[PDB]
């Protein structure tokens, strides 16, 4: 699903650390980034958003969980759960917010935001993990309308996603990418 031109886009658009992590994640489930080029882009976009989000607040406001190998990710999670007393989640979240003492699940979707927010709530069971969804169109949605970051940090994620959409569109990759979400 997708072109070799989309592979070229991914390698040009995203920094090498994100690209390496994405290639590893895909190969871990027996998929080839040179074939599932759309999924390649989507994974890179989610990783980038998670990292941008973590740089959004104060110094070390957030611990990053996404992008870590599974042992280190759960080490981080178990340590925080042990230290703050918050409930152990059933699945790895993406961040932990020290200010608000909650885990965060980040979603990035090419579909409608309410649909994805609801899918996340169904998978999540923690009932205390906070969900924040972004789209490429500018939509944005969070649990209890609590958007965690200030407007300037969020606008800037939203702008980055916009930019990605536009550059894809100029390359005639957007339609394929848009429809490819599962």
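Rigid core here is just the name for the largest C-alpha set that superposes within 1.5 Å across the two forms. Numbering follows the first chain given and starts at 1.
Rigid core superposition in 4 other deposited structures of this protein puts the Cα atoms of one stretch, out of 124-132 and 110-118, farther from the shown form on average, and that stretch is 124-132. For the pair 40-48 and 152-160, the mean B factor over Cα atoms is greater in 152-160. The stretch with the higher mean CA B factor, choosing between 105-113 and 71-79, is 105-113. Per-chain ranking of the deposited C-alpha B factor places residue 168 in the middle third. When the CA B factors of the chain's modelled residues are split into thirds, the value for residue 144 lands in the highest one. For residue 56, the recorded CA temperature factor ranks within the highest third of the chain's modelled residues. The entry lists a Cα temperature factor for residue 27 that places it in the lowest third of the chain's modelled residues. Residue 98: CA B factor lies in the highest third for its chain, per the PDB record.
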